[PDB]
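K.L.:
Structure provided below as structure tokens; questions to follow.
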Amino acid sequence: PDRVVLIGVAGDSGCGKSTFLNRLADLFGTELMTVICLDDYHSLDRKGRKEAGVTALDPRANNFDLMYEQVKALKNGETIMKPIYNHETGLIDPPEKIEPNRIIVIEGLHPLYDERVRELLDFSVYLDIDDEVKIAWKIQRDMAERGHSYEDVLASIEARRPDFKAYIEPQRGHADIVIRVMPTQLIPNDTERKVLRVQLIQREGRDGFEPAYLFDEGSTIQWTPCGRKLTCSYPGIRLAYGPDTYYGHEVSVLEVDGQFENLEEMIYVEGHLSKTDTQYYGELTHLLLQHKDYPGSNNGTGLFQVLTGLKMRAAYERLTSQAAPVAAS
Amino acid sequence: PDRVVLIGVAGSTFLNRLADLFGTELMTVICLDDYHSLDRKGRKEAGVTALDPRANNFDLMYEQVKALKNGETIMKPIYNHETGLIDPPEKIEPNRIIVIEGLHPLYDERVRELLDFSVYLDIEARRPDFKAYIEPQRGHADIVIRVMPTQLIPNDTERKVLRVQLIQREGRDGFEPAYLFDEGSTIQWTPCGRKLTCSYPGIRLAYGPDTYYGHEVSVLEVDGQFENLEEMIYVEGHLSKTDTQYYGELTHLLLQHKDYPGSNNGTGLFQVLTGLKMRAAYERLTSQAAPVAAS
């Protein structure tokens, strides 16, 4: 049976605008993976939301019945006629023909909201970016290409909070992996806002997913690789690992705080992680350095995006007993 | 060459633990108070304590220790602690292992160079002389075992739970420090979790490089108390280069004698581990198995 594997990705970065999907494309290519933006399942166009007094984050702006059916149909080999939501015009355009593929990724605000869609998913990620991090990135991006559109991200973040808390954040409790990005704890007065602290929160007891750990699975550790063999600037790099309880479930939390100044530092860290699901020594580093220009490229953000990709590849290869698709050269 | 290996111990149940490891037939312990140049009255007359270099004869110490390492029998004095007198000499023959024990085994440069391994055990009126003449030997010891109050209990009224450090000197050829996880990097570890249930306050280890008396060292540290077997073994199992000869030798050796103080904490653990580092040093120098206790 030519098996379709379904992957849910939850985040607020907007469709086609996340670094994480570009990294997935780097790993799985674009021929045998198709990405579906869930905004296509809006029941209400832009005028309709205004008329009803709701945001795009509200369940009521979205058609989960149609979502479930078309996703179920794709997993079952059928072609679908799925609507197109045009973000410019704010209208719902005529349907697109989508055929099944080895990997279908569903991306957007509510891939984990509906119970029936959840059960169709083989792997899920929630990207949890602290506000202040989201803001400082936007300023860094703006500063480069002369955009100055960061006041509007802020505006959007404050105003979205109620709906974000009500309807988006609780999906974190159904995600296999949550990537949590926040400001550093290594610098007393972080004026720069560059150095990040990142947690990979990995749900336990999802058969066919073994969490990455450091040193000893199921016990708690804090680790600094800088020492006799590895010279770091200040404040250096610090990892932590340990069991925890998140949204009522057992998890295992892997954490990196700091910045990688170079190769040696990345590899040294990779080399000492366990169950990373790399297929050769230094695959994380190689994949991470593929594209140095992405934000998070030199910190735990990029590292844990790539690692999450590898856990997806493992899930896929477990379900199909076949090699996952790969990017070209 | 039937080789005599020399071990210095500064600052005991540590010696009883060594006897448990090496036995008493092929190890002889020498108490360094035997090399007092001044008896109890003599110290009083001179205005000095036993801790003063001047109360001790290092020239005689060096010669008789050098002679023992060189296979000779010696006629060494006996210092009687009860009477405070120096009694007529004792015949001491060489052995596979000679341990010299007491206040100044690491004080004299010439005696230092004769030693194959050294330990300093760091657990009112003596303070001046202790600081002047005893404590500085810590900077020449291969291993220092250090004891202090816990960091696991806020406002420690009980004073029972201890935090203990094994400070291991680097670059002593034929001594590889024990470490946790990754040699030369810094780590804090709590073994309690999914596989190991501890009662409060539990157990916490730390490892990392440091500088002690100007030298590079590697510090292994345990804070807490072992309530049971499972806890001891789990900790032992995750240590590296402990120089055990089979999985669980530390625990087995530690539980040999549960009645000793430190038996259930980092004191006993690191005394035994220090014993194993001595055994390795011995076996490296002789290309032969170290002596063992009977059954």
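Please note that chains go A, B, ... in the order of the structure tokens, that every chain numbers its residues from 1, and that ligands are numbered from 1 in the order shown.
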With stretch 129-153 of chain A as the partner and 12 Å as the cut-off, tabulate the residues of stretch 4-53 of chain A that qualify, each row holding the nearest pair of atoms and their distance in Å to one decimal, using only C-alpha atoms, sorted by chain and rising number, as JSON lines.
P.N.:
{"residue": "A:10", "atom": "CA", "partner": "A:129", "partner_atom": "CA", "distance": 11.3}
{"residue": "A:11", "atom": "CA", "partner": "A:129", "partner_atom": "CA", "distance": 8.5}
{"residue": "A:12", "atom": "CA", "partner": "A:129", "partner_atom": "CA", "distance": 8.8}
{"residue": "A:13", "atom": "CA", "partner": "A:134", "partner_atom": "CA", "distance": 9.3}
{"residue": "A:14", "atom": "CA", "partner": "A:153", "partner_atom": "CA", "distance": 11.7}
{"residue": "A:18", "atom": "CA", "partner": "A:129", "partner_atom": "CA", "distance": 11.7}
K.L.:
Let's have the selection written as a PDB file, in the first residue's frame, with C-alpha atoms.
P.N.:
ATOM      1  CA  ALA A  10       1.101  24.618  14.229  1.00  0.00           C
ATOM      2  CA  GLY A  11       2.350  28.215  14.349  1.00  0.00           C
ATOM      3  CA  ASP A  12       1.448  31.861  13.829  1.00  0.00           C
ATOM      4  CA  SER A  13       4.178  32.749  11.307  1.00  0.00           C
ATOM      5  CA  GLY A  14       1.639  32.785   8.459  1.00  0.00           C
ATOM      6  CA  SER A  18       8.220  29.971   8.298  1.00  0.00           C
TER       7      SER A  18
END
K.L.:
Could you please tell me, as a PyMOL selection string, which residues of chain B have an atom within 12 Å of chain A when using only C-alpha atoms?
P.N.:
chain B and resi 170+180-198+203-211+216-218+234-235+237-239
K.L.:
Smallest atom-to-atom distance to residue B:101: which of B:124, B:173, B:34, B:113, using only C-alpha atoms?
P.N.:
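So, comparing all the options, the nearest one is B:34.
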K.L.:
Got a sec: who's within 10 Å of stretch 65-77 of chain A, counting only C-alpha atoms, leaving out chain neighbours fewer than 4 positions off, as a short mmCIF file (atom, residue, chain, number, x, y, z; two decimals) with N, CA, C and O atoms, in the first residue's frame?
P.N.:
data_model
loop_
_atom_site.label_atom_id
_atom_site.label_comp_id
_atom_site.auth_asym_id
_atom_site.auth_seq_id
_atom_site.Cartn_x
_atom_site.Cartn_y
_atom_site.Cartn_z
N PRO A 1 0.80 -1.23 0.00
CA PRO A 1 0.00 0.00 0.00
C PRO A 1 0.84 1.29 0.00
O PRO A 1 1.52 1.58 0.99
N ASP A 2 0.79 2.04 -1.10
CA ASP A 2 1.46 3.35 -1.21
C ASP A 2 0.89 4.29 -0.15
O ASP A 2 -0.15 4.90 -0.36
N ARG A 3 1.60 4.41 0.96
CA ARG A 3 1.07 5.01 2.16
C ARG A 3 1.36 6.52 2.24
O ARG A 3 2.52 6.95 2.11
N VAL A 4 0.31 7.30 2.46
CA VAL A 4 0.42 8.75 2.66
C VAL A 4 0.63 9.03 4.14
O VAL A 4 -0.15 8.58 4.97
N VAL A 5 1.72 9.75 4.45
CA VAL A 5 2.03 10.12 5.83
C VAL A 5 1.69 11.58 6.06
O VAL A 5 2.05 12.45 5.27
N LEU A 6 0.96 11.85 7.14
CA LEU A 6 0.41 13.18 7.41
C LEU A 6 1.09 13.83 8.59
O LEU A 6 1.21 13.23 9.66
N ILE A 36 0.07 22.01 2.53
CA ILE A 36 -1.26 22.60 2.46
C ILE A 36 -1.43 23.68 3.54
O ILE A 36 -1.31 23.39 4.75
N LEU A 38 -3.63 25.78 5.81
CA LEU A 38 -4.97 25.58 6.36
C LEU A 38 -5.92 26.76 6.26
O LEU A 38 -7.12 26.58 6.53
N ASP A 40 -6.88 27.89 3.69
CA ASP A 40 -7.76 27.46 2.61
C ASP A 40 -9.10 26.93 3.10
O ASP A 40 -10.05 26.86 2.32
N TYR A 41 -9.20 26.55 4.38
CA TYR A 41 -10.45 26.05 4.96
C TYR A 41 -11.22 27.08 5.79
O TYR A 41 -12.02 26.72 6.66
N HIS A 42 -11.00 28.36 5.50
CA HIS A 42 -11.81 29.41 6.09
C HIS A 42 -13.24 29.29 5.57
O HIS A 42 -13.44 29.25 4.36
N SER A 43 -14.21 29.26 6.48
CA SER A 43 -15.60 29.41 6.13
C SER A 43 -15.97 30.88 5.90
O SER A 43 -16.97 31.17 5.27
N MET A 81 -10.63 18.46 -4.48
CA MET A 81 -10.80 19.79 -5.04
C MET A 81 -10.86 20.73 -3.87
O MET A 81 -11.93 20.93 -3.29
N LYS A 82 -9.71 21.28 -3.47
CA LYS A 82 -9.68 22.10 -2.25
C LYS A 82 -9.64 23.58 -2.53
O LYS A 82 -8.92 24.04 -3.43
N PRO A 83 -10.42 24.34 -1.78
CA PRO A 83 -10.51 25.78 -1.99
C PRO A 83 -9.17 26.52 -1.82
O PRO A 83 -8.22 25.99 -1.21
N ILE A 98 -5.66 18.91 -5.79
CA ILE A 98 -4.52 18.38 -5.04
C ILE A 98 -4.54 16.83 -5.09
O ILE A 98 -5.54 16.19 -4.76
N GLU A 99 -3.42 16.25 -5.51
CA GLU A 99 -3.25 14.81 -5.51
C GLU A 99 -2.49 14.36 -4.27
O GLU A 99 -1.75 15.15 -3.67
N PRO A 100 -2.67 13.08 -3.87
CA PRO A 100 -1.94 12.57 -2.71
C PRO A 100 -0.44 12.52 -2.96
O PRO A 100 0.01 12.55 -4.09
N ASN A 101 0.32 12.45 -1.88
CA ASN A 101 1.76 12.38 -1.99
C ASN A 101 2.31 11.52 -0.86
O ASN A 101 1.59 11.16 0.07
N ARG A 102 3.60 11.19 -0.94
CA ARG A 102 4.26 10.43 0.12
C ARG A 102 4.08 11.13 1.46
O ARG A 102 3.73 10.50 2.46
N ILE A 103 4.32 12.44 1.47
CA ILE A 103 4.12 13.27 2.67
C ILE A 103 3.19 14.44 2.37
O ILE A 103 3.40 15.18 1.41
N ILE A 104 2.14 14.58 3.18
CA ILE A 104 1.31 15.77 3.17
C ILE A 104 1.59 16.49 4.47
O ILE A 104 1.49 15.89 5.55
N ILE A 106 0.14 19.61 6.67
CA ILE A 106 -0.85 20.65 6.89
C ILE A 106 -0.30 21.67 7.88
O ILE A 106 0.16 21.33 8.96
N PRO A 111 -4.06 23.20 13.00
CA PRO A 111 -3.98 21.81 12.56
C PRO A 111 -4.25 20.79 13.67
O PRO A 111 -4.60 19.65 13.36
N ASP A 114 -9.09 20.28 15.93
CA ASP A 114 -10.20 19.34 15.82
C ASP A 114 -9.73 17.91 16.11
O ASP A 114 -8.74 17.45 15.54
N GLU A 115 -10.47 17.24 16.99
CA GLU A 115 -10.19 15.87 17.42
C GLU A 115 -10.04 14.88 16.26
O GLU A 115 -9.13 14.03 16.27
N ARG A 116 -10.91 14.97 15.27
CA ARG A 116 -10.90 14.04 14.15
C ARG A 116 -9.66 14.25 13.28
O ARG A 116 -9.05 13.28 12.84
N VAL A 117 -9.26 15.50 13.05
CA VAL A 117 -8.03 15.79 12.28
C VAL A 117 -6.79 15.31 13.04
O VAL A 117 -5.87 14.75 12.46
N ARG A 118 -6.78 15.52 14.35
CA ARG A 118 -5.69 15.02 15.18
C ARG A 118 -5.39 13.56 14.92
O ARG A 118 -4.23 13.18 14.75
N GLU A 119 -6.43 12.74 14.93
CA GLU A 119 -6.25 11.29 14.83
C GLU A 119 -5.71 10.85 13.47
O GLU A 119 -5.11 9.79 13.37
N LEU A 120 -5.90 11.68 12.44
CA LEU A 120 -5.31 11.46 11.12
C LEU A 120 -3.82 11.78 11.02
O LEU A 120 -3.15 11.33 10.09
N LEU A 121 -3.30 12.53 11.98
CA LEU A 121 -1.92 12.96 11.92
C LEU A 121 -0.98 11.87 12.42
O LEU A 121 -1.25 11.21 13.42
#
K.L.:
Going by DSSP on the backbone, which residues of stretch 84-164 of chain A come out as alpha helix (DSSP H)? List them as a ChimeraX atom specification.
P.N.:
/A:115-120,131-145,151-163
